[PDB]
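First comes the structure, then the notes that go with it.
Number of protein chains: 2
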Amino acid sequence: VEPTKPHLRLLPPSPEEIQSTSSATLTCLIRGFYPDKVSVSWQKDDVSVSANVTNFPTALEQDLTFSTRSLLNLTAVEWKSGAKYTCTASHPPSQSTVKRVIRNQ
Amino acid sequence: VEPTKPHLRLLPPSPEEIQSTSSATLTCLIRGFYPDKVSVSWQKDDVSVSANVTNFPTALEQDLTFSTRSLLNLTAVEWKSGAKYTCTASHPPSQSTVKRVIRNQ
Ligand SMILES: [Cl-]
Ligand SMILES: [Cl-]
Ligand SMILES: [Cl-]
Ligand SMILES: [Cl-]
Ligand code: NA
Ligand code: NA
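Pasting the structure below:
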């Protein structure tokens with residue numbers, strides 16, 4: 345056993361979701377961590393938020409690492425405001441905390 | 345055994361990747377398919393492309409479905425051109441083909 349720290353990708357919503365559904369989902373892609381014990385939290389302008397946050401169970405990858413995702417289900421109005429959103433993943437086995445930041449358009 | 349068809353999400357690049365690395369990676373998120381036998385292909389304006397396409401092995405999800413991803417590693421110049429990109433996933437077990445389209449900004 346040699347624990348590996350996670351790596352993040354904070355991605356903007358698909359233009360069709362904003363232009364059709366008027367919703368803007370931010371996807372946080374957490375990959376490469378082992379073992380699977382992970383906690384993902386969100387914050388709007390360095391202030392914690394839990395509303396419309398969808399956390400998914402960890403998935404087993406073929407390179408024997410684990411991967412999970414976190415979804416922040418924002419409205420298009422809130423996403424077009426220009427507020428800073430941060431996805432932060434805490435991984436206790438490796439004692440590491442990785443962060444990713446996205447700004448709006 | 346009752347095969348399930350995959351569902352796609354075609355996502356744009358993170359603004360920081362375009363503004364810092366001058367590269368624009370398009371992520372195709374294929375989820376919910378069972379069994380894992382899947383083929384993902386890309387096309388630029390309905391014309392097949394294989395250059396800078398990174399396909400990943402299938403991952404086992406906790407709901408007993410499989411999920412995979414496909415990355416189209418475009419340059420920021422090619423992404424800002426306005427060309428239509430289509431991610432299409434073929435799933436032989438369910439005999440289904442799902443498509444997702446993204447347009448540029
Ligand atoms: Cl990225
Ligand atoms: Cl990814
Ligand atoms: Cl979507
Ligand atoms: Cl997703
Ligand atoms: Na998204
Ligand atoms: Na992407």
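Quick note, the sequences are listed as chains A and A', same order. A prime marks a further copy of an entry chain.
The deposited numbering applies: residue 345 is where the first sequence begins, and numbers increase by one.
The deposited numbering applies: residue 345 is where the second sequence begins, and numbers increase by one.
In this text, a Cβ means the ideal position worked out from N, Cα and C, and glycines have one as well.
Would you check if the region 417-434 of chain A and the region 390-399 of chain A touch, i.e. whether three or more CB-CB distances between them fall below 8 Å?
Contact between the region 390-399 of chain A and the region 417-434 of chain A is present, because at least three Cβ pairs lie under 8 Å.
Below 8 Å between beta carbons is the criterion; list the residues of the region 388-410 of chain A that meet it against any residue of chain A', in chain order.
Considering only beta carbons, the part of the region 388-410 of chain A lying closer than 8 Å to chain A' consists of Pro401, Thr402, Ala403, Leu404, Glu405, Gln406, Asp407, in chain order.
Starting from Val421/A', trace the alpha helix (DSSP H) both ways and give me its first and last residue.
Taking the first residue of the second sequence as 1, we reach residue 421/A' at position 77. Counting along the chain, the alpha helix (DSSP H) containing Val421/A' begins and ends at 420-423.
Applying a beta-carbon distance threshold of less than 7 Å, which residues of chain A' neighbour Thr371/A?
Within the first sequence, the letter at position 27 stands for residue 371/A. Listed by position along chain A', the residues whose Cβ is nearer than 7 Å to that of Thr371/A are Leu355.
In three-state DSSP terms, what is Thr412/A'?
Reading the second sequence from its first residue, position 68 is the one you call residue 412/A'. Here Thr412/A' sits in strand by DSSP.
Among the candidates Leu354/A', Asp380/A', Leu408/A', whose CA atom is the shortest distance from the CA of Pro359/A?
The sequence position of residue 359/A within the first sequence is 15, counting from 1. Selection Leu354/A', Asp380/A', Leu408/A' evaluated against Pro359/A yields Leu354/A' as nearest (Cα-Cα).
Does the region 361-371 of chain A' come into contact with the region 401-416 of chain A, if we say contact requires no fewer than three beta-carbon pairs (one atom in each stretch) closer than 8 Å?
Inter-segment contact for the region 361-371 of chain A' and the region 401-416 of chain A is absent: fewer than three beta-carbon pairs are separated by less than 8 Å.
Against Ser358/A, what residues of chain A' qualify as contacts under a CB-to-CB distance less than 9 Å, listed in chain order?
In the first sequence, residue 358/A corresponds to position 14, counting from 1. Listed along chain A', the residues sitting closer than 9 Å to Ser358/A by beta-carbon distance are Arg353, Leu354, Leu355, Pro356, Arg444, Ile446.
Comparing C-alpha positions only, which one of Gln439/A, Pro436/A, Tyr429/A sits nearest to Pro357/A?
For the purposes of this step, residue 357/A is taken as residue 13 along the first sequence, with counting starting at 1. Checked all of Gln439/A, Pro436/A, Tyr429/A; the closest Cα to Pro357/A is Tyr429/A.
Between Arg447/A' and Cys372/A', which are expected to be in contact by the criterion C-beta below 8 Å, what is the C-beta distance as a whole number of angstroms?
For the purposes of this step, residue 447/A' is taken as residue 103 along the second sequence, with counting starting at 1. For the purposes of this step, residue 372/A' is taken as residue 28 along the second sequence, with counting starting at 1. By a beta-carbon distance limit of 8 Å, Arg447/A' does not contact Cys372/A'. Their separation comes to about 15 Å.
Please check if any C-beta of chain A' sits within less than 8 Å of the C-beta of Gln449/A.
In the first sequence, the residue the question calls residue 449/A occupies position 105. Yes, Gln449/A counts as interfacial toward chain A'.
In chain order, what residues of the same chain have a beta carbon less than 6 Å from the beta carbon of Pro379/A, not counting five sequence neighbours either side?
In the first sequence, the residue the question calls residue 379/A occupies position 35. Leaving aside the five residues that flank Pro379/A on each side, the residues in its chain whose CB is nearer than 6 Å to its CB run, in chain order, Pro437.
Using only the heavy atoms of ligand 3, determine whether one of them is closer than 7 Å to the beta carbon of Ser358/A.
Translated into positions along the first sequence, residue 358/A becomes position 14. Yes, Cβ of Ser358/A sits closer than 7 Å to a heavy atom of ligand 3.
Taking the beta strand (DSSP E) that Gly376/A falls in, what are its first and last residues?
For the purposes of this step, residue 376/A is taken as the residue at position 32 of the first sequence. It spans 367-377 - the beta strand (DSSP E) in which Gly376/A sits, taken as one unbroken run.
Measuring CB to CB, does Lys381/A end up less than 8 Å from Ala427/A?
Mapped onto the first sequence, residue 381/A falls at position 37. Mapped onto the first sequence, residue 427/A falls at position 83. Taking 8 Å as the Cβ cut-off, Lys381/A and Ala427/A do not qualify as a contacting pair.
Output the boundary residues of the beta strand (DSSP E) element that contains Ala427/A'.
As a working note, residue 427/A' is residue 83 in the second sequence. From DSSP, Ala427/A' is part of no beta strand (DSSP E); its letter is neither H nor E.
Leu370/A' classed as buried or exposed, judged by whether at least 16 other C-beta atoms fall within 10 angstroms
Against the second sequence, residue 370/A' aligns to sequence position 26. The C-beta of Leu370/A' has 16 or more other C-beta atoms within 10 Å across all chains shown, which makes the residue buried.
When DSSP labels each residue in this structure, what does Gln387/A get in the three-state scheme?
Position 43 of the first sequence, counting from 1, holds the residue named residue 387/A. Collapsing the DSSP output to three states places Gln387/A in a strand.
Cα-Cα separation, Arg413/A to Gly376/A'
Walking along the first sequence from the start, residue 413/A turns up at place 69. Walking along the second sequence from the start, residue 376/A' turns up at place 32. Going by the C-alpha atoms only, they are around 14 Å apart.
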